[PDB]
Every structure is written in C-alpha cells, then in structure tokens.
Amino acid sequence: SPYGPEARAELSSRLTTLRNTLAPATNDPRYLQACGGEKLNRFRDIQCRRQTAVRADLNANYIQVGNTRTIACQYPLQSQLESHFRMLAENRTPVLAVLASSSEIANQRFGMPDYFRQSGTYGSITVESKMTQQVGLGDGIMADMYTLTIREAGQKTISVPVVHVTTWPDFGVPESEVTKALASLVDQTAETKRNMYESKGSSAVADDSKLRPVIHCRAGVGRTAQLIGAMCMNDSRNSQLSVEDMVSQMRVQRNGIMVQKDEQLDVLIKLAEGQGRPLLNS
C-alpha cells in the first residue's frame, strides 16, 4: 500500500500538476532567455529557472534538495564551453558527474563536445584532462574518473574531479543499484575535494553558491535528477524527506521536467522503498 499503485498514482498526479504549473510560457519571466538568438537551451522545452541560474550564459541551476546542494545543468554546447569551464572553476567544483554515455558523446550528431576527456583551449581558458581511476558501479557498469585542470591567466588554477559513467544499466534493480553506487561515488569524491579546500582555508567553503557538485546527462532533467535524488537520500541529514519533496524541489528550482521519465521516478520510488522513506507528504 505505501509503495503500491495507489501511492504511485497520487505521487504522479501531484508531480504532473506541478509540471503544468512550471510549463514555460513565451518569454516566461521565470526562465532564462537567450540573447541575440544565441542558442542557450540544448532543448527547446527544457529551460532554466531564472531565480537559481548559475550564469546567464548557461542552462544551469543551483539546486538544494533537503540539505544536499548541487548544480544541475545540460551538457554544455560548443559555444558554452568557455563559460561552462568558468562556472566549474569559480564553483571550486568538488566533483563533475557526467552521465552521458561514451557512445552518445562520440556521436557527432548530438553535439556533445568531449570537453572532459582531452586537453584543449576555449577562449582565454586552457584545460588539461588526466584519467585517474575506474570505479565499478556493479552490473558491468564502469565509471571512468578524470582530474580536470582549468587554467586561466590571472585566475587560480582549479582541479575538478570527474566521474563519467561510460554505459548505462538496464531498467530494474540493476539501475537502482548502479544509481545507488553512483551516488556514493559522487558523494565520496566530492567530500574528499571539498575537505581539501577546507584544509587550505578557502573562502569558498563559506559561500553557499560554491563547492557544489555538478551533474549533467544530456538535458540535465532525466538521469541527472535521478542521480540528484539518489544523493539526497544518501545524505544523512535528509531524513523523512519524501519523494514528493525532492522531486518538487528539483522542479521548482530548475524546471518541471526534472525526473522526466517514469523509469527515472520508478528508480527513486524503489530507492525510497529501500529506506522506508515516504513517497507522499501527509
């Protein structure tokens, strides 16, 4: 009953009503708008909340679900790489979680540049990528990890840990287990780099806008929201936080598309069932 079809139906009903309310109007004052015709959104109907946008250059949003603070964004366009790299550096990014598969990134048709697996120069910014470890997430799913070194003249050189899931598991208990393992890997990697900034007295630890893990799949609303929800349940502070809560917070702070597919909500429902966590608010 607490995780049966009736509870699922009421949860879906509330999340659907919220998506309709968050549906972007033409030149919606709630959502970021492109300038001069420059392509801001990788997808037309997947836009960026203006209250929580990290930069006017990017489709990226500050998101805090419960006590978990992250940044959810789309895979940066080619014209956004310099501003994207500037976001990661100014953020002191403790971990960059790339959820696009190696097969999708390599496909030129999708326009997802390979910006974290190779050296390059983008504007006045120079990037160097070095591959570190490989962490198995279970079910044959491997996570390639990289140390991303961002350099800009006059700017502090920033290293950003990267967790890249090369392939995605099939629906079911493989996906919820892999998502559970990925959330632990992203939390651990972030906690190590954040502690490093803390041992050096970095003022970024006192800024709520900085030191936030950055997560993106392709549009930043599917696997990204699935991972962000798995991470707030992994956080000990977020107890009794319902699935209605975290999906509502993810959608009010980015767009009503967060958790786009039933399969992705299904993963959250199953993880919450594993914790005895409520789905609905009383």
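Think of the rigid core as the biggest set of C-alphas that the two forms share within 1.5 Å after superposition. The numbering used is simple: start at 1 and walk along the sequence shown.
- Core-fitted comparison in 4 other deposited structures of this protein shows that, between 255-263 and 16-24, the CA atoms farther from the shown form belong to 16-24.
- Comparing 201-209 with 155-163, the higher mean C-alpha B-factor in the PDB entry belongs to 201-209.
- A summary of the deposited B-factors shows that, of 21-29 and 261-269, the stretch with the larger mean C-alpha value is 21-29.
- The PDB entry assigns the greatest CA B-factor among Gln249, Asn234, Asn59, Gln226 to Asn234.
- Ranked against the other modelled residues of its chain, the C-alpha B-factor of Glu128 as given in the entry falls in the highest third.
- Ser184: CA B factor in the lowest third of modelled residues in this chain (values from the PDB entry).
- Residue-level temperature factors show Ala9 in the highest third of its chain, judged at the C-alpha atom.
- Among all modelled residues in this chain, the alpha-carbon of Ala230 has a temperature factor (C-alpha) in the lowest third.
- In the deposited entry, the Cα temperature factor of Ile63 sits in the middle third of values across the chain's modelled residues.
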